[PDB]
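To start, the structure under review is shown below, and the notes come after it.
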Amino acid sequence: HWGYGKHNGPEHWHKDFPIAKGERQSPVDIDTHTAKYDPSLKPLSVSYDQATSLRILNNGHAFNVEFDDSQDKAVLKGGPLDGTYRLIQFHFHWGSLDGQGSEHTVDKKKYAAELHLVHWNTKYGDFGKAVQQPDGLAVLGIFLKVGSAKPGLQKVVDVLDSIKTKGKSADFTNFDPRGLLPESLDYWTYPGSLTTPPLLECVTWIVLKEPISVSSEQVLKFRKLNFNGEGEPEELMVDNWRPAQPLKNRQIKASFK
Ligand SMILES: [C]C1=[C][C]=C([B]([O])([O])[O])[C]=[C]1
Ligand SMILES: [Zn+2]
């Protein structure tokens, strides 16, 4: 029964998920002055040309665009990673207002939203096994700011009417996630967690420095989604972000100077 409300939100999650107070929780504030350039990170490789999107789902917490992850089709490699990580889904976190919505922050700045491209390490065979390992997942995080429209997002925006409420899905084939990337792949990286329950400490985070721009109309449509199921009282799907957690004994590394 966790969620984002006053009585079931982030401050309550630790009761059912004690790892919420663990040693490598996400998100975090990225202090740009304290992050250290690491000249050894290897180049980062996003290989999405053969991606096969399948479906879009409103799961009651966000919406997921799901991919075929039964073969190496859309993979993330390089950067801080050893081995090959397959794209399983992407989703967003966003605010009720343009001045909040991101999970990570940059020098305490909040963005309007944050895109998470979720990948799992093929050495563990399936996603469910991967989330049980400290190097099971690699999540590419991309900030959204409100300005110019993002053309490659509009297909997502357009389908949201058909998945308004929890449990609804729609076909979503032939979507190209390359259309959601910024120009630069400069990034910060650190070891962390899932940002929702079960909050498992299985993620290598790779957060891009360059945001993407989306229009006010695009983010407005995200805010028309519902947390509730059909035929239940309407609760707008907004503010589905966890705030920054303690960094504890971690260092954030930068791929750039
Ligand atoms: C199952 C799952 C996958 C990814 C995430 B997140 O928000 O950390 O990308 C949370 C939960
Ligand atoms: Zn997420």
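Hydrogens, waters and symmetry mates are skipped; everything else that's a heavy atom, side chains included, is used. Starting from 1, each residue takes its place in the sequence as its number. In listed order, ligands and their atoms are each counted from 1.
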Test of geometry: compute the angle ND1(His116)-the Zn ion (ligand 2)-NE2(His91) and round it to 10°.
110°

Taking C-beta and beyond as the side chain, do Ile252 and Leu247 meet within less than 4.5 Å on heavy atoms?
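Yes, side chains in contact.
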
Looking at [atom], what's its closest protein heavy atom, distance included?
atom                   : value
atom 1 (C) of ligand 1 : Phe127 CZ, 4.2 Å
atom 5 (C) of ligand 1 : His91 CE1, 3.9 Å
atom 8 (O) of ligand 1 : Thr195 N, 2.9 Å
atom 2 (C) of ligand 1 : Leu194 CD2, 4.0 Å

For atom NZ of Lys221, decide whether the heavy atoms of other residues, nucleotides or ligands shown that lie under 6.0 angstrom number more than 12.
yes

Charged N-O contact under 4.0 Å between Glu103 and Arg242:
no

Short N/O distance, under 3.5 Å, between [X] and ligand 1?
X      : answer
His93  : yes
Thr196 : no
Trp205 : no

Side-chain donor-acceptor contact under 3.5 Å, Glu234 with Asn226:
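Present: a donor and an acceptor within the cut-off.
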
Keeping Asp98 on the side-chain end and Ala112 on the backbone end, is there a donor-acceptor pair under 3.5 Å?
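Such a contact is absent between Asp98 side chain and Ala112 backbone.
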
Between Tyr48 and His119, what is the ring plane arrangement, given parallel below 30°, perpendicular above 60°, and tilted in between?
parallel

